[PDB]
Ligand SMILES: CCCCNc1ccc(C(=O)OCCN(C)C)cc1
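Just the one chain here, the form deposited without Tetracaine (TE4), laid out as C-alpha cells.
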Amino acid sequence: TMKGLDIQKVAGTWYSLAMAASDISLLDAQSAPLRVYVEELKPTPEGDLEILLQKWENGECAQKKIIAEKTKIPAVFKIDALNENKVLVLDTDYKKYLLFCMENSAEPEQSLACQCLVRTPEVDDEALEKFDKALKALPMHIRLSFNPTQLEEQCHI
C-alpha cells in the first residue's frame, strides 16, 4: 500500500486502461461484478474519496458514486459497494497514472481486482509496466486492457 499518499492530488478525471483480478469470473463478462470503468476521483475536504465509475447493469452502463471512507492507513479506504469493503491505493504519480485495488477483506482471493488508471486516453506502456510490476506479487488469474477506442466502446451500447 502507498506511503506518502496525498489524496487531494488525485482529484479529477481518469481512464481505466487495464484491470486484473484474482478470479476469472470477476471480470470476464461485460456484466461481471468487478468490470467497472472509473471516470472521476473526487477527494473530500475531510479526506474521504468519492469514486465515479460506470458499470454495466441490465443492458446499459450506469453511473455509480462510491464513497470511500478514510481509515487509519492513509492509502486504505473503506467501502460498502460492489460487494467489496476496501479500496487500496498502491501507487500514483498524480499527474500520469494511479494503481488501486478493491477487495472484500473477508474473502480476498475471491474478490480482489486492481486497475491501472491514466489521466489521458492513450496506451501508456510505462504505466502498464508499473501495473504489471505491482501485480506479480498478487494472485491474479485474469488481466484485461482497453485502448481508448475500446474503452469508449464498452458503454457505447
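Residues that one form lacks are left out of the comparison. Definition used throughout: the rigid core is the maximal C-alpha set that superposes within 1.5 Å between two forms. Sequential numbering from 1, following the sequence displayed.
Unshown form deposited with Tetracaine (TE4) bound; subsequent notes refer to it.
Asker: When Tetracaine (TE4) is placed as it is in the deposited bound form, are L41, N85 and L98 each within 4.5 Å of it, taking any non-hydrogen atom of the residue?
Answerer: Spot residues vs Tetracaine (TE4): full contact, yes.
Asker: Do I73 and Tetracaine (TE4) share at least one heavy atom pair within 4.5 Å in the deposited bound form?
Answerer: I73: no contact with Tetracaine (TE4) in the deposited bound form.
Asker: Contact with Tetracaine (TE4) in the deposited bound form for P121, defined as at least one heavy atom pair within 4.5 Å: yes or no?
Answerer: The answer is no: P121 has no heavy atom within 4.5 Å of Tetracaine (TE4).
Asker: Need the contact residues for 16-47: heavy atom within 4.5 Å of Tetracaine (TE4) in the deposited bound form, sequence order, or none if there are none.
Answerer: In sequence order, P33, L34, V36, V38, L41 come within 4.5 Å of the partner.
Asker: Given a core-based superposition, decide whether the C-alpha of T71 shifts by 2 Å or more between this form and the one not shown.
Answerer: No, because once the rigid core is superposed, the C-alpha of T71 moves less than 2 Å between this form and the one not shown.
Asker: After superposition on the rigid core, does the Cα atom of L151 shift by at least 2 Å between this form and the one not shown?
Answerer: For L151, whose C-alpha is compared between this form and the one not shown after core superposition, the shift is 2 Å or more.
Asker: Name, in sequence order, the runs of three or more consecutive residues whose C-alphas all shift 2 Å or more between this form and the one not shown, counting only residues present in both forms and superposing on the rigid core.
Answerer: 80-84, 150-157 are the stretches that shift between this form and the one not shown.
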